[PDB]
Each structure stands twice: as structure tokens, then as C-alpha cells.
Amino acid sequence: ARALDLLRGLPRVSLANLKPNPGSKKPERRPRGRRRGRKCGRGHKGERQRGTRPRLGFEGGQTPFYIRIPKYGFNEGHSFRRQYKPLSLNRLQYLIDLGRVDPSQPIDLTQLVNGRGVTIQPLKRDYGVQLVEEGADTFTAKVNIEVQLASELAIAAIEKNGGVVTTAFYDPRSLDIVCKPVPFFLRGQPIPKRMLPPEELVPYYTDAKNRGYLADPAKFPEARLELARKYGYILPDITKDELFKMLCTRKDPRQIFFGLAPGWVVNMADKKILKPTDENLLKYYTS
Amino acid sequence: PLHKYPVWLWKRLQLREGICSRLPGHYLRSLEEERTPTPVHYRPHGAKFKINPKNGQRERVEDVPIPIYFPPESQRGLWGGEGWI
Amino acid sequence: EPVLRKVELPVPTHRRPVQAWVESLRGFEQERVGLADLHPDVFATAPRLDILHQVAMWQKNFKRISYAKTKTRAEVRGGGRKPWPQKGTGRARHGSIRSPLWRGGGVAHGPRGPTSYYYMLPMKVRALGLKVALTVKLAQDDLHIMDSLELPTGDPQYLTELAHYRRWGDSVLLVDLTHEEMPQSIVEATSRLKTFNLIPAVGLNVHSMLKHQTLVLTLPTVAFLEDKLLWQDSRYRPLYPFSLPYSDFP
Amino acid sequence: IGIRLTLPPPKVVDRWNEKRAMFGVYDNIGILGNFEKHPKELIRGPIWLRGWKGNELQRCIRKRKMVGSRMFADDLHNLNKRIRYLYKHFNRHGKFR
Amino acid sequence: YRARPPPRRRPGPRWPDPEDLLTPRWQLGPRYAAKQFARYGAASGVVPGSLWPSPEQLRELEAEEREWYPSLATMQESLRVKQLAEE
Amino acid sequence: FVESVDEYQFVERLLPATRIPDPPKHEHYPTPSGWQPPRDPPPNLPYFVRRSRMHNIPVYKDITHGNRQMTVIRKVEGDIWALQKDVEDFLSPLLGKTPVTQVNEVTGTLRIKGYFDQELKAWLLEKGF
Amino acid sequence: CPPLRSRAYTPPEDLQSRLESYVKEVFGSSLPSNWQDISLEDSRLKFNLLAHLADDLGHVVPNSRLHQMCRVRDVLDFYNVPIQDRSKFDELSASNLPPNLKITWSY
Ligand SMILES: [Mg+2]
Ligand SMILES: [Mg+2]
Ligand SMILES: [Mg+2]
Ligand SMILES: [Mg+2]
Ligand SMILES: [Mg+2]
Ligand SMILES: [Mg+2]
Ligand SMILES: [Mg+2]
Ligand SMILES: [Mg+2]
């Protein structure tokens with residue numbers, strides 16, 4: 001290129017010649033000279049100049065603004081509230097279009113994260129992924145998707161294409177594991193069991209409307225059909241298609257990963273999986 | 001400069017070179033052990049966790065002992081562990 | 001048998017590969033033994049002189065720890081009492097004899113303790129740094145590609161007189177792929193030569209390349225450099241440190 | 001008066017001693033070596049300072065908690081006093097609030 | 001000159017010497033030993049059996065779960081009663 | 001107490017990749033999201049606009065002072081001045097006035113005053129970038 | 001070791017026909033019309049051509065300019081440029097000096 005041809009002519013690039021990009025380095029102001037010398041940008045002598053100004057939010061005597069306002073519980077229990085990261089249908093479709101999220105396999109949290117489709121911070125009170133209505137139209141893909149929360153419209157959107165959506169609860173200790181499995185594998189601990197929802201979320205997951213993982217599968221077909229009526233689409237038969245087996249697969253309530261049963265240990269270095277044999281342990285993990 | 005070993009270790013470290021080194025093993029082990037006395041002046045928390053009535057969140061608890069002073073007269077008798085608070 | 005080399009890693013459609021002459025250290029007149037194609041993204045990117053400066057400055061400063069300290073007024077010995085009463089004498093009023101004003105006093109604002117100047121430029125920036133430095137070397141006829149760093153003899157005067165014959169210049173940086181599998185002959189020669197320096201591939205940096213007038217590379221090392229620097233773009237953001245296992249990294 | 005009256009001995013700097021020649025080699029240990037080591041593992045020096053940067057106050061806090069046990073009685077008293085000073089300086093003094 | 005041989009990771013697992021007082025509490029712990037197995041495998045690590053809970057620990061885990069995480073039956077049971085009170 | 005097995009395909013499925021995948025072949029373009037691969041062979045022009053890592057057109061909205069709105073075109077190689085005048089002629093009927101442009105020839109970027117991100121993305125896609 | 005050779009180069013008169021000879025050697029006896037148009041996309045042939053020219057003429061295409069040699073015309077146009085190699089004292093001393101000017105050299 002032309003720039004490289006200019007370099008042919010110029011003397012060698014060496015440790016002498018290097019200069020910063022103009023504007024990057026602004027020189028510092030020192031309280032020397034005549035301009036910045038006397039009083040050095042501090043004003044005339046007072047509380048200000050001696051550097052003993054009162055703390056921030058002190059109004060010189062009168063009841064400060066922040067204090068005089070009444071207290072109200074805008075943030076009363078902020079740390080205990082659960083947060084769901086939103087995944088749009090647009091986002092999901094675009095991930096499938098670029099081959100980042102694989103439709104020939106089921107989608108869960110772990111697949112999405114690995115796809116860089118989402119960022120989840122368990123520590124920051126994130127409790128997984130919420131599936132949002134946005135971009136319901138121009139969503140044309142048939143997938144088995146797993147999300148903690150979904151809106152009825154987004155359920156409808158997925159089931160119109162012939163996909164299957166279900167909601168499954170993840171406890172914080174399960175979530176950090178599922179999002180980043182490789183670090184957990186290096187912790188040397190055996191896989192724990194996914195805990196059941198708290199009392200207030202039991203009614204949610206034991207409901208066919210939300211497509212809960214603890215909802216009665218006998219209550220599923222009529223629910224699917226009711227949603228099909230309301231949004232006026234012909235509800236397709238899933239059993240007919242080739243990929244039916246894949247759309248069937250659902251991890252059980254106490255399972256975090258697809259093949260890996262709780263209480264197993266993964267030895268990464270020699271690519272082995274160690275099982276317990278002990279009756280006590282087996283009883284404990286199978287509960 | 002820095003001392004090689006933290007200063008708090010010196011008591012332990014000195015037991016290893018002198019007359020204390022050639023003391024019997026069982027005595028040194030009895031000296032080392034650091035088990036807590038039974039509560040005398042404080043009602044302990046029953047459980048490892050407890051629910052906060054404030055926020056309704058289950059929180060860990062610890063048992064923190066009151067420091068007890070024993071005057072030298074206590075050595076000449078049998079106080080059940082009661083000292084001056 | 002001519003020594004030909006092509007680029008293994010895929011090139012962009014609009015870009016075309018650059019060529020370099022291939023020579024060997026075996027003979028004085030053993031230039032032009034082969035031809036090589038180099039990946040244009042590593043070896044023919046935009047000359048970004050600001051980047052060289054950035055990387056170079058980080059390289060010089062990030063390791064630096066300052067050892068200078070001075071005692072403040074509080075840390076100087078003595079100086080407890082008030083030297084004389086305020087009011088009484090004609091003297092100027094003082095609170096301690098160890099104040100900054102006094103001779104033998106503590107320092108007002110001095111070097112304070114061991115100081116670290118550690119910071120990290122982003123990875124992609126350091127990577128780009130290496131790229132620029134390599135383009136710049138080839139643009140200015142300061143870069144040479146070799147089949148192997150194999151010498152007819154370990155006599156260190158042979159290496160100096162060859163550089164003189166080939167107009168390399170006063171200082172030459174020799175890069176090999178691995179430390180263990182460096183030839184005997186080059187190690188012997190370079191051990192007792194000040195201006196000529198032998199490093200493994202992983203050693204290579206912006207500072208040395210700028211310091212030395214010539215950069216000499218082997219064909220093993222050129223494929224290696226291409227791999228790693230080209231890996232830097234066309235990768236995702238990390239989920240966790242790359243030292244950990246991935247499905248396709250090492 | 002206070003100015004020298006002869007030229008000092010000339011200083012010769014050997015730019016091609018081993019330390020100058022191999023300066024900054026392995027700074028690219030990470031990107032060129034599969035990320036086995038961070039470059040911050042080339043830093044030598046104080047325990048409380050390897051691959052970390054902070055103001056004076058922060059440096060003192062850190063030295064107190066990391067080598068606080070092992071340091072000399074009078075040194076530690078000086079360090080506890082430093083922290084007290086700097087705490088008040090930074091929190092209670094200055095131009096801007 | 002020749003470059004000083006490159007920096008490396010310490011090859012294989014490191015075991016601290018428990019007699020030495022300089023060795024901190026975390027290194028001598030069982031949790032450290034687990035991590036050594038995970039990283040370096042059975043080839044160089046600890047006995048694989050050790051990785052699970054002891055009968056005593058499992059006893060404590062059983063007590064923990066019973067007291068803090070109720071069954072689905074009893075949760076539905078609790079809701080049923082409290083919801084009924086609402087009507 | 002312990003038994004060892006090699007049924008390990010499930011763990012392999014969990015490991016993520018460092019490299020961003022190449023977009024798979026599609027029946028026709030555009031895609032449902034609207035993504036479109038670049039025209040092959042590349043368009044014969046003085047300048048070229050290379051895509052991002054995620055195979056997108058490098059056009060970005062930018063803001064400063066909370067009132068200065070800008071649009072940036074990056075990853076430009078070849079004669080940028082040519083791209084400048086092309087962007088100029090394209091944007092001028094939309095604005096009426098000729099848009100005010102900064103050219104960073106060292107960086108290889110083009111900055112335009114106001115948000116034209118959508119129009120410029122379209123235009124560059126049309127041109128075959 | 002052979003003595004260091006001068007970087008000075010003067011293009012010969014018969015450069016055209018010499019390049020004719022070299023191309024017809026490497027690409028074979030049968031030669032299409034407008035031989036200047038022959039592309040050097042082929043890596044092996046590029047090497048062969050440039051080696052022959054480098055060995056005889058004494059002047060070599062540098063690493064920097066190698067990718068610029070796309071076509072045979074490009075090689076011809078490259079060899080017709082002269083290189084004259086002398087220190088700046090020598091070039092100024094014989095550069096039509098006015099008699100009042102004097103230059104000396106203390107290196
Ligand atoms: Mg002033
Ligand atoms: Mg004055
Ligand atoms: Mg004051
Ligand atoms: Mg004092
Ligand atoms: Mg005083
Ligand atoms: Mg006084
Ligand atoms: Mg002093
Ligand atoms: Mg911005």
C-alpha cells in the first residue's frame with residue numbers, strides 16, 4: 001500500500017523516533033510561574049482556600065436537601081428481588097442465522113451462554129433468562145428452547161413454528177454451574193442436585209399456561225390448542241416431524257446437565273466420569 | 001525489614017529448639033489444643049442459621065463469647081468457670 | 001530444490017499475500033534459496049506509529065517499581081516538644097524542630113514507599129503492536145526469513161562477517177521457534193556476541209525489534225507468529241481465562 | 001557561590017550489556033505462549049506490590065494487611081500513623097467535594 | 001547473548017509440607033487436594049474415593065436439607081391452606 | 001465405592017469455543033434477521049469496507065456532550081477520500097445541505113455529523129460490502 | 001569470505017532482449033504475443049525468473065518490492081531504474097561546485 005511505500009523512503013523506525021498520537025497526551029498544570037503561581041487557583045483566604053470545606057451535602061446550616069425529604073421504600077428489599085436477563089426473539093433468530101446457536105440440538109442456558117447470546121451474573125441476583133415478545137414476526141425457526149420466564153406471546157411465537165418451549169427453575173448454586181460448567185469441573189466437587197423452587201414460585205412452575213417443568217403433561221395439549229385459537233394459527237402436530245425425538249428431550253427437575261446425573265464427578269485430565277456405588281450416596285443423589 | 005515468621009508464631013516456634021523440644025509428645029499436644037470452654041455467662045444461639053424477622057431472609061449466626069477475667073484467687077478454689085465480667 | 005512456502009491460514013478475499021526472499025545461514029552467498037508468502041494481515045497492515053509508541057511505553061513502564069522513599073516530619077527522630085514559647089521571644093514561632101522548614105527536617109511531599117506503575121494495555125492492542133512492528137520491519141528491508149539458524153561452524157566471527165556481507169547492520173535479532181531445539185552452532189556463536197541476540201519465539205516483543213536494526217526469522221517461526229496473531233482477531237470475547245480448557249484452543 | 005569549577009568524570013553507558021539487550025523479552029509470554037502465564041508474573045519486588053497499583057493510602061492499607069504481622073514494631077507504628085494521617089487528609093481535606 | 005530460558009508453570013501438582021508453619025491453612029485442607037485431582041487427574045492427584053462426603057457429613061447434609069428445603073408435597077400443602085384462608 | 005466410565009460426550013458438549021463460527025449456507029438471502037453475506041467477487045472500487053468479527057457492516061452511532069450525534073464507518077482500506085465523496089453525494093439530497101465529515105486516514109475511519117447508521121448500512125450492503 | 005560488493009547499478013542496453021531470453025527459458029520456447037502481460041501469480045516461476053536476473057545482473061529485487069512484481073513488465077520497469085552508491089561528501093564534491101565554496105570532511 002501507499003503508506004508502506006512512504007516508509008521505504010523514511011529513516012528506520014527506532015526507539016528515538018516514537019511520538020504519541022496528538023491530543024492523547026495533555027501536559028499537566030503545576031502551581032509555578034506567574035499565571036498559576038500566587039494563590040494557585042484556590043481563591044482568597046477562607047474555608048475554601050485552606051482546604052477545610054464542609055462535607056458534601058452540607059447546606060451551611062439549614063436541614064440538607066437529601067435529609068429533609070421523607071424516606072420511602074423504593075429500594076426496600078432490592079437485593080432479595082430476582083432479576084431475569086431478557087432474550088428477544090430477534091436476538092435468538094439472529095444467533096441462529098449466524099450459526100452461533102445450534103437448532104439441530106436443544107437450547108438451554110448453557111448453550112446460549114456458550115453462544116455468547118447472553119450474559120448472566122448469578123452474583124448480581126440474576127436467576128436466568130426471560131423470553132420476551134419482541135420480534136415475534138420474522139421469527140422463523142423450529143427449536144427446543146429452555147427459559148426460566150416466558151411471555152404467552154413468545155410461547156405462541158415458538159409453538160407456531162412447531163417448536164417446544166418450557167420453563168424450568170434454577171437455584172443460584174445451580175445457575176453459576178450451568179452458565180460456566182468448565183470452572184465447576186475444575187473445583188473437583190461432584191455435581192449437586194438442582195433444588196426445587198421456593199414457595200411463591202411453586203404455583204408458577206406447576207402451571208401448563210407457563211409451560212412449567214413441574215406442570216402436568218396431560219394438561220399441555222389443550223393449553224397449546226387454546227393459545228392457537230386465541231392467536232389464530234393452525235396448531236401443527238409435532239409427532240410427525242423427523243426431529244420429534246430432539247423436541248421431546250427434557251432434563252428432570254433435579255438434573256442440571258443433560259447426560260450427567262447428580263453426584264457424578266468429572267475427571268477432566270483423563271476424560272473419565274467417576275460414579276459412586278455406595279447405597280447411602282445413591283439414595284442421597286436420587287432424591 | 002521483615003521478620004521471617006509473623007511475630008504471633010514465635011511462641012509456637014520457640015517450643016521446637018530448646019528444653020521444650022525434648023518435652024514429651026502428649027504434653028505438647030495437650031498444650032497445643034485450643035478447644036473452647038462451655039458457655040457460662042451467655043445464652044448461645046441454638047442453630048447454625050436463623051431467619052431474620054427484619055427481612056425474612058435466612059442468615060448465618062456465630063457464637064461470640066464474652067471475655068472473662070479470672071483473678072488469681074480463683075486458682076486457689078473451684079469456680080465453675082464464672083469470672084469477673 | 002527451491003524452498004516454497006504458502007499461507008495455511010485463510011486470507012481475506014480483497015487482500016493479496018506479500019512475498020519475502022528465503023535465505024540460509026550455511027553460506028555467505030546463500031541468499032535467494034527460496035520464496036515465501038506471508039499473511040498480509042500480520043505482515044502488511046497499516047503503519048500505526050501511535051500503536052508502536054503505546055505498546056513500547058507499556059513495555060518499559062509496567063514492570064517498573066520505584067524504590068525511593070523519604071521520611072516525613074512524623075517519621076523523623078525527635079521533634080516532640082515546642083522549641084520555645086510562642087509569645088515570649090523575638091523568634092519566629094515553631095511547633096517542632098523537625099518541620100519541613102527546618103534543616104534536618106522531614107520532607108513535605110516526597111517519594112513515598114515502594115511504588116508500582118503496573119497497568120495493562122488490552123490484549124488486542126498488544127497483538128496489533130506485534131503486527132505493526134513486523135510490517136514495519138519488512139517495509140524498510142530490515143526483515144529476513146531463514147530456513148534454519150544452522151551454521152557451518154560455531155566460530156562467532158563467521159556470523160559477524162556474514163552480516164557485514166549482507167548489509168544487515170550493527171545489531172541483529174535472531175528468533176527461533178523453541179528454546180530447546182535451537183541449533184548448537186548458533187547458540188555457541190551468539191553466546192559471546194554482544195550485538196547479536198538469540199531469542200525463542202515466545203520471547204519476541206516490540207522493544208527488542210525496535211532496538212535491533214535487523215529482525216531475522218525462521219520459516220517455522222513465521223507460521224507460528226501468523227497463527228497466534230491472526231487468532232487474536234476472529235475470536236469471541238472470553239467467558240473465563242484462556243488458560244482453562246476450551247473446545248478448540250490449544 | 002555554589003557551582004562546580006571543573007567538569008565531572010565522563011559517564012559511559014554500555015547500551016549492549018546483557019540487561020539492556022534482553023530488556024522486555026517475554027513481555028508477550030501470554031499471547032505467544034498459550035496463556036500459561038500472565039506478564040504480571042514477570043514482576044519482582046514487594047509482596048504487596050506484584051501486579052497491582054494504587055495511591056499512597058491504598059498502598060499502605062495493603063502493606064498493613066499483607067505484611068503487617070511480620071514487620072518491625074516501630075515500622076508498624078509508623079505505618080499505623082501514616083494511615084491515620086492519610087485517612088483524614090483524603091476524606092476531610094482538599095479543593096473539591 | 002542468548003535469552004534466559006522462558007518462564008513456565010510448575011509441572012505437576014504441588015504438595016505443601018504440613019510440618020512447616022509457613023504453609024497456610026488452605027493448602028493443607030481437603031478442598032485443596034480435591035482441586036489437585038481435578039486439574040492433574042488420578043495420575044498425580046489424591047485417592048478418588050475421598051471426593052464424596054463421609055457418612056457423618058452426609059448425615060449433616062440430610063439434616064440441612066430437611067430443615068431448609070421442604071418437599072413439593074408440603075409446599076403445595078402450605079399454599080393450599082394459606083390460599084384457602086384468603087377466600 | 002467408585003467406578004470409571006468413558007461416557008463423556010455430554011461433557012464435551014458443555015465446552016465452549018474460542019473461534020466465532022462462519023455463518024452457515026442459506027437457501028436464499030436475506031435471512032429472517034436481515035443478515036446478508038458480502039458479494040463475491042468483491043466490488044471493484046478504490047476503497048473497501050471490511051466486516052466486523054461477527055460479520056456485520058461497521059457502522060456505529062456515537063454521542064458526545066449529550067447533544068453531538070455522530071455516525072462512524074470503520075475498517076476502511078484503500079482510498080478513503082473516494083468513500084468520503086461517495087458518502088457526501090449520497091447523503092446530500094437527504095439533508096439538503098452537504099454533510100460535514102471528518103476523515104481519519106491514519107486510523108482509516110469516516111465520521112459524519114448526525115445519525116445515518118441505518119441508511120449507510122443499507123447503502124454499503126447494496127454496494128457489496 | 002568474498003569481499004563486500006558495491007550497491008551501485010547501471011541498467012544495460014540489451015535489458016529488453018535479455019529479459020526476452022530469461023522468460024522464454026522459464027515459461028518455455030512457445031511464447032504468446034504481448035509477453036509483457038505474462039502474470040507472475042505462479043510462485044515457482046516468479047522465483048526462477050528473479051533468481052536468474054539476480055545472479056547475473058548483480059542487483060536483486062528487495063523483500064519490500066517483491067509483491068509489486070505482479071507482471072513481467074513490472075520486472076522490466078524495476079530494472080531500468082539505476083542505483084548510484086556513494087557517500088554524501090563524494091556526491092557534493094563533484095556536483096558542479098562554484099569555486100568560492102569549500103567542503104571538508106572530518107569523519
Ligand atoms: Mg495566578
Ligand atoms: Mg509573591
Ligand atoms: Mg485551617
Ligand atoms: Mg512525633
Ligand atoms: Mg503543634
Ligand atoms: Mg506553637
Ligand atoms: Mg532528613
Ligand atoms: Mg462513544
# chains A, B, ... in the order shown; residues from 1 in each chain; ligands from 1
>>> residues_around(residues="residue E:45", least_positions_apart="5", cutoff="9 Å", atoms="only C-alpha atoms", output="list in words")
residues 13, 33, 34, 35, 36, 37, 38, 39 and 40 of chain E
>>> interface_residues(of="chain C", to="chain A", cutoff="12 Å", atoms="only C-alpha atoms", output="JSON, numbers by chain")
{"C": [15, 16, 18, 40, 43, 44, 45, 46, 47, 48, 49, 50, 51, 52, 53, 54, 55, 56, 57, 60, 132, 133, 134, 135, 136, 137, 138, 139, 140, 141, 142, 169, 206, 207, 208, 209, 210, 211, 212, 213, 214, 235, 236, 237, 238, 239, 240, 241, 242, 243, 244, 245, 246, 247]}
>>> residues_near_ligand(ligand="ligand 4", cutoff="8 Å", atoms="only C-alpha atoms and all ligand atoms", output="list in words")
residues 73, 74, 75, 76, 77, 78, 79 and 80 of chain C
>>> residues_near_ligand(ligand="ligand 2", cutoff="12 Å", atoms="only C-alpha atoms and all ligand atoms", output="PyMOL selection string")
chain A and resi 32-40
>>> write_last_selection(atoms="N, CA and C atoms", output="compact mmCIF listing (two decimals), in the first residue's frame")
# COMPACT_ATOMS: atom_id res chain seq x y z
N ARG A 32 3.43 26.68 39.62
CA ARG A 32 4.61 27.52 39.46
C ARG A 32 4.28 28.63 38.47
N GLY A 33 5.31 29.41 38.11
CA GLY A 33 5.14 30.54 37.22
C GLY A 33 4.40 31.71 37.88
N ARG A 34 3.93 32.64 37.04
CA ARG A 34 3.25 33.84 37.50
C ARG A 34 1.75 33.65 37.33
N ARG A 35 1.37 32.92 36.28
CA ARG A 35 -0.03 32.72 35.93
C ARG A 35 -0.70 31.84 36.98
N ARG A 36 -0.04 30.72 37.31
CA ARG A 36 -0.60 29.70 38.19
C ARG A 36 0.13 29.67 39.54
N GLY A 37 0.94 30.69 39.81
CA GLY A 37 1.83 30.71 40.96
C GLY A 37 1.16 31.19 42.25
N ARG A 38 0.87 32.49 42.31
CA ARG A 38 0.32 33.13 43.50
C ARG A 38 -1.12 32.67 43.66
N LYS A 39 -1.44 32.15 44.85
CA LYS A 39 -2.79 31.72 45.23
C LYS A 39 -3.22 30.42 44.54
N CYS A 40 -2.55 30.08 43.42
CA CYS A 40 -2.60 28.79 42.73
C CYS A 40 -4.02 28.23 42.62
>>> atom_distance(atom1="atom CA of residue F:111", atom2="atom CA of residue F:70")
6.7 Å
>>> atom_distance(atom1="atom CA of residue E:30", atom2="atom CA of residue E:12")
18.1 Å
>>> select_by_dssp(residues="stretch 35-129 of chain F", states="helix (DSSP H, G or I)", output="list in words")
residues 80, 81, 82, 83, 84, 85, 86, 87, 88, 89, 90, 91, 92, 93, 94, 95, 117, 118, 119, 120, 121, 122, 123, 124, 125, 126 and 127 of chain F
>>> residues_near_ligand(ligand="ligand 6", cutoff="10 Å", atoms="only C-alpha atoms and all ligand atoms", output="PDB file with N, CA, C and O atoms, in the first residue's frame")
ATOM      1  N   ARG C  81       8.820  18.187  71.458  1.00  0.00           N
ATOM      2  CA  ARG C  81       8.485  19.368  72.243  1.00  0.00           C
ATOM      3  C   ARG C  81       8.465  20.619  71.366  1.00  0.00           C
ATOM      4  O   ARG C  81       9.035  20.635  70.275  1.00  0.00           O
ATOM      5  N   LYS C  82       7.819  21.666  71.894  1.00  0.00           N
ATOM      6  CA  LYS C  82       7.819  23.003  71.327  1.00  0.00           C
ATOM      7  C   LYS C  82       9.145  23.693  71.650  1.00  0.00           C
ATOM      8  O   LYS C  82       9.483  23.877  72.817  1.00  0.00           O
ATOM      9  N   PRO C  83       9.928  24.106  70.628  1.00  0.00           N
ATOM     10  CA  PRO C  83      11.292  24.601  70.827  1.00  0.00           C
ATOM     11  C   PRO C  83      11.446  25.761  71.808  1.00  0.00           C
ATOM     12  O   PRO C  83      12.428  25.809  72.546  1.00  0.00           O
ATOM     13  N   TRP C  84      10.480  26.689  71.797  1.00  0.00           N
ATOM     14  CA  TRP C  84      10.390  27.811  72.722  1.00  0.00           C
ATOM     15  C   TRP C  84       8.944  28.301  72.728  1.00  0.00           C
ATOM     16  O   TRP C  84       8.208  28.000  71.789  1.00  0.00           O
ATOM     17  N   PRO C  85       8.479  29.069  73.746  1.00  0.00           N
ATOM     18  CA  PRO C  85       7.087  29.521  73.777  1.00  0.00           C
ATOM     19  C   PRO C  85       6.830  30.463  72.606  1.00  0.00           C
ATOM     20  O   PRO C  85       7.758  31.088  72.091  1.00  0.00           O
ATOM     21  N   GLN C  86       5.559  30.545  72.199  1.00  0.00           N
ATOM     22  CA  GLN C  86       5.145  31.309  71.036  1.00  0.00           C
ATOM     23  C   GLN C  86       5.428  32.795  71.243  1.00  0.00           C
ATOM     24  O   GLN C  86       6.127  33.415  70.443  1.00  0.00           O
ATOM     25  N   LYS C  87       4.896  33.333  72.344  1.00  0.00           N
ATOM     26  CA  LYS C  87       4.712  34.762  72.519  1.00  0.00           C
ATOM     27  C   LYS C  87       6.044  35.437  72.848  1.00  0.00           C
ATOM     28  O   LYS C  87       6.373  36.464  72.256  1.00  0.00           O
ATOM     29  N   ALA C  92      10.724  33.583  65.468  1.00  0.00           N
ATOM     30  CA  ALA C  92       9.602  33.067  64.695  1.00  0.00           C
ATOM     31  C   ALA C  92       9.059  31.808  65.366  1.00  0.00           C
ATOM     32  O   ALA C  92       9.829  30.959  65.817  1.00  0.00           O
ATOM     33  N   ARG C  93       7.728  31.697  65.413  1.00  0.00           N
ATOM     34  CA  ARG C  93       7.055  30.663  66.185  1.00  0.00           C
ATOM     35  C   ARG C  93       7.182  29.303  65.500  1.00  0.00           C
ATOM     36  O   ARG C  93       7.008  29.197  64.289  1.00  0.00           O
ATOM     37  N   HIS C  94       7.481  28.273  66.305  1.00  0.00           N
ATOM     38  CA  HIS C  94       7.624  26.900  65.837  1.00  0.00           C
ATOM     39  C   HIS C  94       6.972  25.912  66.797  1.00  0.00           C
ATOM     40  O   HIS C  94       6.838  26.188  67.989  1.00  0.00           O
ATOM     41  N   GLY C  95       6.598  24.752  66.242  1.00  0.00           N
ATOM     42  CA  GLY C  95       5.913  23.694  66.964  1.00  0.00           C
ATOM     43  C   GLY C  95       6.807  22.475  67.181  1.00  0.00           C
ATOM     44  O   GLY C  95       6.570  21.697  68.106  1.00  0.00           O
ATOM     45  N   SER C  96       7.817  22.320  66.315  1.00  0.00           N
ATOM     46  CA  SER C  96       8.728  21.184  66.328  1.00  0.00           C
ATOM     47  C   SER C  96       9.984  21.555  65.561  1.00  0.00           C
ATOM     48  O   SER C  96       9.942  22.430  64.700  1.00  0.00           O
TER      49      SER C  96
END
>>> atom_distance(atom1="atom CA of residue A:61", atom2="atom CA of residue D:94")
20.5 Å
>>> decode(residues="stretch 219-240 of chain C", atoms="N, CA, C and O atoms", output="short mmCIF file (atom, residue, chain, number, x, y, z; two decimals), in the first residue's frame")
data_model
loop_
_atom_site.label_atom_id
_atom_site.label_comp_id
_atom_site.auth_asym_id
_atom_site.auth_seq_id
_atom_site.Cartn_x
_atom_site.Cartn_y
_atom_site.Cartn_z
N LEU C 219 11.43 -20.03 9.03
CA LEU C 219 10.17 -20.44 8.41
C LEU C 219 9.24 -21.09 9.43
O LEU C 219 8.04 -20.81 9.42
N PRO C 220 9.72 -21.99 10.34
CA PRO C 220 8.91 -22.44 11.47
C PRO C 220 8.26 -21.32 12.27
O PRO C 220 7.09 -21.43 12.64
N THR C 221 9.02 -20.25 12.53
CA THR C 221 8.58 -19.21 13.45
C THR C 221 7.57 -18.28 12.77
O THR C 221 6.72 -17.69 13.45
N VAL C 222 7.65 -18.18 11.44
CA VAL C 222 6.81 -17.27 10.69
C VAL C 222 5.39 -17.82 10.64
O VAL C 222 4.43 -17.05 10.72
N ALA C 223 5.27 -19.15 10.52
CA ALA C 223 3.98 -19.82 10.51
C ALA C 223 3.34 -19.73 11.89
O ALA C 223 2.13 -19.59 12.02
N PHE C 224 4.20 -19.80 12.92
CA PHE C 224 3.78 -19.77 14.31
C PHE C 224 3.23 -18.39 14.68
O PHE C 224 2.19 -18.30 15.32
N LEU C 225 3.95 -17.33 14.26
CA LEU C 225 3.58 -15.96 14.56
C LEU C 225 2.25 -15.62 13.89
O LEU C 225 1.40 -14.98 14.51
N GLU C 226 2.09 -16.06 12.64
CA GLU C 226 0.88 -15.86 11.86
C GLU C 226 -0.31 -16.44 12.61
O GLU C 226 -1.31 -15.75 12.79
N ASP C 227 -0.17 -17.69 13.07
CA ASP C 227 -1.22 -18.43 13.74
C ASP C 227 -1.77 -17.60 14.90
O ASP C 227 -2.98 -17.36 14.97
N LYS C 228 -0.87 -17.15 15.77
CA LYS C 228 -1.22 -16.63 17.08
C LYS C 228 -1.77 -15.21 16.97
O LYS C 228 -2.74 -14.87 17.65
N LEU C 229 -1.15 -14.40 16.12
CA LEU C 229 -1.52 -13.00 15.97
C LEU C 229 -2.84 -12.88 15.21
O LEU C 229 -3.62 -11.97 15.48
N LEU C 230 -3.06 -13.80 14.26
CA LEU C 230 -4.28 -13.83 13.47
C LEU C 230 -5.42 -14.42 14.28
O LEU C 230 -6.59 -14.21 13.94
N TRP C 231 -5.08 -15.19 15.32
CA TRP C 231 -6.05 -15.78 16.22
C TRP C 231 -6.76 -14.69 17.01
O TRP C 231 -7.91 -14.86 17.40
N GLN C 232 -6.05 -13.58 17.23
CA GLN C 232 -6.45 -12.56 18.17
C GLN C 232 -7.72 -11.86 17.71
O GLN C 232 -8.65 -11.71 18.49
N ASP C 233 -7.74 -11.42 16.44
CA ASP C 233 -8.98 -11.07 15.77
C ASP C 233 -9.64 -12.37 15.32
O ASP C 233 -8.95 -13.38 15.16
N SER C 234 -10.96 -12.34 15.14
CA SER C 234 -11.73 -13.51 14.75
C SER C 234 -11.82 -14.52 15.90
O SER C 234 -11.90 -15.72 15.66
N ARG C 235 -11.79 -14.01 17.14
CA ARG C 235 -12.12 -14.80 18.31
C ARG C 235 -13.25 -14.09 19.05
O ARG C 235 -13.45 -12.89 18.88
N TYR C 236 -13.97 -14.85 19.88
CA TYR C 236 -15.02 -14.27 20.69
C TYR C 236 -14.38 -13.50 21.84
O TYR C 236 -13.16 -13.51 22.02
N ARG C 237 -15.24 -12.85 22.63
CA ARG C 237 -14.89 -12.43 23.97
C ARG C 237 -14.80 -13.67 24.86
O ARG C 237 -15.52 -14.64 24.64
N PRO C 238 -13.91 -13.68 25.87
CA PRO C 238 -13.81 -14.81 26.80
C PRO C 238 -14.94 -14.88 27.81
O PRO C 238 -15.52 -13.86 28.19
N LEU C 239 -15.24 -16.12 28.23
CA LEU C 239 -16.15 -16.39 29.33
C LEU C 239 -15.35 -16.55 30.62
O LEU C 239 -15.84 -16.23 31.70
N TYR C 240 -14.13 -17.05 30.46
CA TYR C 240 -13.19 -17.26 31.55
C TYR C 240 -11.76 -17.27 31.01
O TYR C 240 -11.56 -17.46 29.81
#
